[PDB]
Amino acid sequence: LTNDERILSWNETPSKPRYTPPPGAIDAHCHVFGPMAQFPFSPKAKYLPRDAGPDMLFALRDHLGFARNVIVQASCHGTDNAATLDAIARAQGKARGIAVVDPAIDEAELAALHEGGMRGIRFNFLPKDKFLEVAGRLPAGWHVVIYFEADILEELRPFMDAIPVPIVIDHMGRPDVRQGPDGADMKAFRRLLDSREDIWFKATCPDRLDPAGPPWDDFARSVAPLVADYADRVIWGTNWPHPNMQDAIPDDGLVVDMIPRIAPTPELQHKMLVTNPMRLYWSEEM
Numbered sequence: 013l014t015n016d017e018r019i020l021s022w023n024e025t026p027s028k029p030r031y032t033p034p035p036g037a038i039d040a041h042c043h044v045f046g047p048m049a050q051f052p053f054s055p056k057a058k059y060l061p062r063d064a065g066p067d068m069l070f071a072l073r074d075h076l077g078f079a080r081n082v083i084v085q086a087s088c089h090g091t092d093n094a095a096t097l098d099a100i101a102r103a104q105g106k107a108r109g110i111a112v113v114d115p116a117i118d119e120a121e122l123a124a125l126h127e128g129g130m131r132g133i134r135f136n137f138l139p140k141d142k143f144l145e146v147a148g149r150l151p152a153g154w155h156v157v158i159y160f161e162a163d164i165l166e167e168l169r170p171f172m173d174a175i176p177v178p179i180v181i182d183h184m185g186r187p188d189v190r191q192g193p194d195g196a197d198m199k200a201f202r203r204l205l206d207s208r209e210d211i212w213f214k215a216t217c218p219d220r221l222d223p224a225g226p227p228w229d230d231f232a233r234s235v236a237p238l239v240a241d242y243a244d245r246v247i248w249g250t251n252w253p254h255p256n257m258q259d260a261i262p263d264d265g266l267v268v269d270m271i272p273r274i275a276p277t278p279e280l281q282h283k284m285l286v287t288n289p290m291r292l293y294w295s296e297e298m
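Positions 13 to 298 (this note's numbering) are the ones given, in order, by the sequence shown.
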């Protein structure tokens, strides 16, 4: 099962962003796939991606003008965090990570994840409340990363109200950006952000949220006011190498170029790309 028989989901020659990130910018949402010969995929994987290893991730990072990454365990690796852990170590201090864990994971195994640069675990609502259970015994300084869609937010509110650690929401819970910055989903999402002092969100994935394609004007107009209103709670990522996006492969250059549209001032850019992800992933440096 060679490399070019497996699924490519990223642009192999992405454009250079016209946007220049500030020094110390963090891509807080990216992944690695394998390399398969070193780190097998999980028997449960929905599809077998091509290798997208640390070398490619760091090349992409430097190309996009970023300094650091948060490497988020990819679902093609299940609860085996080896590939992510190896990538983080290979960043030589320039990465931290998010894990996917079996809810029966040891206190000792979680401490080893911590030592290996993990600062959280991810739940994907797309095993009822073991999730609250494991979230209550995470090493200190950890958060949970959660993904959901707008249409399940209501039924999820009590669960998230219970989570004992800070919360990071991926892609803002997938609001329908066609509605505008004051539409139903954004209203519902703001209710969530207002419920707690420690709910953060990733203002990401215009490619997924906005069915119109670039320049993703609906994403820009709907998301910029959220970023402005919740500037101390927002982070950002490329989502490279774009798991399951083989039918709509984005150009990472244009993805980065959304940053100045959703965060128009240097201060908003500084918060979203440096101050906020540092507070969450490298708190010891703050």
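Even for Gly, the Cβ is constructed at its ideal location relative to N, Cα and C.
Query raised in the report: Could you give the uninterrupted runs of the alpha helix (DSSP H) lying entirely in the segment 19 to 51, keeping only those of 4 residues or more?
Result: Taken in chain order, the complete alpha helix (DSSP H) segments of 4 or more residues contained in the segment 19 to 51 number zero; there are none.
**Report entry** Exposed unless 16 or more other CB atoms sit within 10 angstroms - verdict on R203
**Finding:** Taking the first residue of the sequence shown as position 1, residue 203 is located at position 191. Burial state of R203 is exposed, judged by a 10 Å Cβ sphere holding fewer than 16 other Cβ atoms.
Query raised in the report: At what residues does the beta strand (DSSP E) containing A111 begin and finish?
Result: Position 99 of the sequence shown holds residue 111. Start and end: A107 to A111.
Query - Host alpha helix (DSSP H) of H89 (start-end) - result: Counted from its first residue, the sequence shown places residue 89 at position 77. Element bounds for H89: n/a, residue is neither H nor E.
Query raised in the report: When the distance is taken between beta carbons, is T250 closer than 8 Å to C88?
Result: Your numbering for residue 88 matches position 76 in the sequence shown. Your numbering for residue 250 matches position 238 in the sequence shown. Not a contact, by the Cβ cut-off of 8 Å.
Query - Integer Cβ distance of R186 from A162, believed to fall under 8 Å - result: Residue 186 sits at position 174 when you count from the first residue of the sequence shown. Residue 162 sits at position 150 when you count from the first residue of the sequence shown. Contact flag correct, Cβ pair sits at about 6 Å.
Report task. Specify whether the segment 171 to 178 and the segment 206 to 220 touch according to this definition: at least 3 beta carbon pairs, one from each stretch, less than 8 Å apart. Result -> Touching, yes.
Query raised in the report: Just checking my contact of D264 with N23 at CB under 8 Å: how many whole Å lie between their CB atoms?
Result: Translated into the one-based positions of the sequence shown, residue 264 becomes position 252. Translated into the one-based positions of the sequence shown, residue 23 becomes position 11. Yes, they are in contact, since the Cβ atoms of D264 and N23 sit about 6 Å apart, within 8 Å.
Query raised in the report: Which of the three DSSP states, helix, strand or coil, is assigned to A103?
Result: Within the sequence shown, numbered from 1, the residue matching residue 103 stands at position 91. DSSP places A103 in the coil class of the three-state scheme, outside both helix and strand.
Report task. In the DSSP assignment, find the unbroken alpha helix (DSSP H) run with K58 in it and report its ends. Result -> Here residue 58 refers to the residue found at position 46 of the sequence shown. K58 -> no alpha helix (DSSP H), and no H or E assigned at all.
Query raised in the report: Does the separation of the CB atoms of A37 and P66 fall below 8 Å?
Result: Within the sequence shown, numbered from 1, the residue matching residue 37 stands at position 25. Within the sequence shown, numbered from 1, the residue matching residue 66 stands at position 54. No Cβ-Cβ contact shorter than 8 Å links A37 with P66.
Report task. Let me know the beta strand (DSSP E) ranges lying completely inside the segment 131 to 188, each 3 residues or longer, listed in chain order. Result -> Along the length of the segment 131 to 188, whole beta strand (DSSP E) runs at least 3 residues long occupy 155 to 159 and 179 to 181, reported in chain order.
Report task. Have a look at residue 5 and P253 and give me their C-alpha separation to the nearest angstrom. Result -> No information on residue 5 is available, as it lies outside the stretch 13 to 298 that the chain covers here.
Requested in this report: For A95, collect the residues of the same chain with a Cβ closer than 7 Å to its Cβ; drop the 5 residues on either side in sequence, then sort them by chain order.
Outcome: Numbered from its first residue, the sequence shown carries residue 95 at position 83. So the qualifying residues of the chain are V44, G46, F51 and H89.
Report task. Below 8 Å on the Cβ atoms is my guess for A215 versus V246; work out the distance and round it to an integer in Å. Result -> By one-based count along the sequence shown, residue 215 stands at place 203. By one-based count along the sequence shown, residue 246 stands at place 234. That belief holds up - the Cβ atoms of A215 and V246 are roughly 5 Å apart, short of 8 Å.
Requested in this report: Would you list, in sequence order, the uninterrupted alpha helix (DSSP H) runs of no fewer than 4 residues that lie entirely inside the segment 199 to 274?
Outcome: Along the length of the segment 199 to 274, whole alpha helix (DSSP H) runs at least 4 residues long occupy 218 to 221, 229 to 241, 264 to 269 and 271 to 274, reported in chain order.
Query raised in the report: To the nearest whole angstrom, what separates the beta carbons of residue 2 and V239, a pair I think is in contact under 8 Å?
Result: The question about residue 2 has no answer, for the chain in this structure spans 13 to 298.
Query raised in the report: In whole angstroms, what separates the C-alpha of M130 from that of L122?
Result: Stepping through the sequence shown from its first residue, residue 130 is reached at position 118. Stepping through the sequence shown from its first residue, residue 122 is reached at position 110. Within the model, the alpha-carbon separation for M130 versus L122 is close to 9 Å.
Report task. Put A64 into one of helix, strand or coil per three-state DSSP. Result -> If you number the sequence shown from 1, residue 64 lands on position 52. In this structure, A64 counts as strand in the three-state DSSP scheme.
Query - Spatial distance of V156 from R134 (CA atoms) - result: As a first step, residue 156 must be located in the sequence shown, where it is residue number 144. As a first step, residue 134 must be located in the sequence shown, where it is residue number 122. Just so you know, the alpha carbons of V156 and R134 end up roughly 6 Å apart.
Query raised in the report: If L266 and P226 are in contact, beta carbons under 8 Å, what's the gap, nearest whole angstrom?
Result: For the purposes of this step, residue 266 is taken as the residue at position 254 of the sequence shown. For the purposes of this step, residue 226 is taken as the residue at position 214 of the sequence shown. A Cβ-Cβ distance of about 5 Å is found for the pair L266 and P226, placing them in contact under the 8 Å criterion.
Query raised in the report: How long is the line joining the alpha carbons of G195 and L165, rounded to whole angstroms?
Result: Position 183 of the sequence shown, counted from the first residue, corresponds to residue 195. Position 153 of the sequence shown, counted from the first residue, corresponds to residue 165. If you draw a straight line from the Cα of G195 to the Cα of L165, it comes to about 15 Å.
Report task. For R18, collect the residues of the same chain with a Cβ closer than 7 Å to its Cβ; drop the 5 residues on either side in sequence, then sort them by chain order. Result -> Working through the sequence shown from its first residue, we reach residue 18 at position 6. For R18, the CB contacts under 7 Å within the same chain, skipping 5 residues up- and downstream, are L60, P61 and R62 in chain order.
Query raised in the report: If you draw a straight line from the C-alpha of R108 to the C-alpha of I83, how long is it?
Result: Residue 108 sits at position 96 when you count from the first residue of the sequence shown. Residue 83 sits at position 71 when you count from the first residue of the sequence shown. The alpha-carbon atoms of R108 and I83 are separated by roughly 6 Å.
Query raised in the report: Apart from the five residues on each side of it in sequence, which residues of its chain come closer than 7 Å, Cβ to Cβ, to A147?
Result: Your numbering for residue 147 matches position 135 in the sequence shown. Hits under 7 Å: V156, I175, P176 and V177.
Query raised in the report: Residues in its own chain within less than 8 Å of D269 by CB, not counting five upstream and five downstream?
Result: For the purposes of this step, residue 269 is taken as residue 257 along the sequence shown, with counting starting at 1. Taken in chain order, the residues that qualify are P29, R30 and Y31.
Report task. Could you tell me the distance, in whole angstroms, from the CA atom of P151 to the CA atom of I271? Result -> By 1-based counting over the sequence shown, the position of residue 151 is 139. By 1-based counting over the sequence shown, the position of residue 271 is 259. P151 and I271 have their alpha carbons spaced roughly 32 Å apart.
Query raised in the report: With distances taken from CA atoms, which of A57, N81, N15 and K56 is nearest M290?
Result: Indexing the sequence shown from 1 puts residue 290 at position 278. Of the candidates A57, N81, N15 and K56, the one whose C-alpha sits nearest the C-alpha of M290 is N81.
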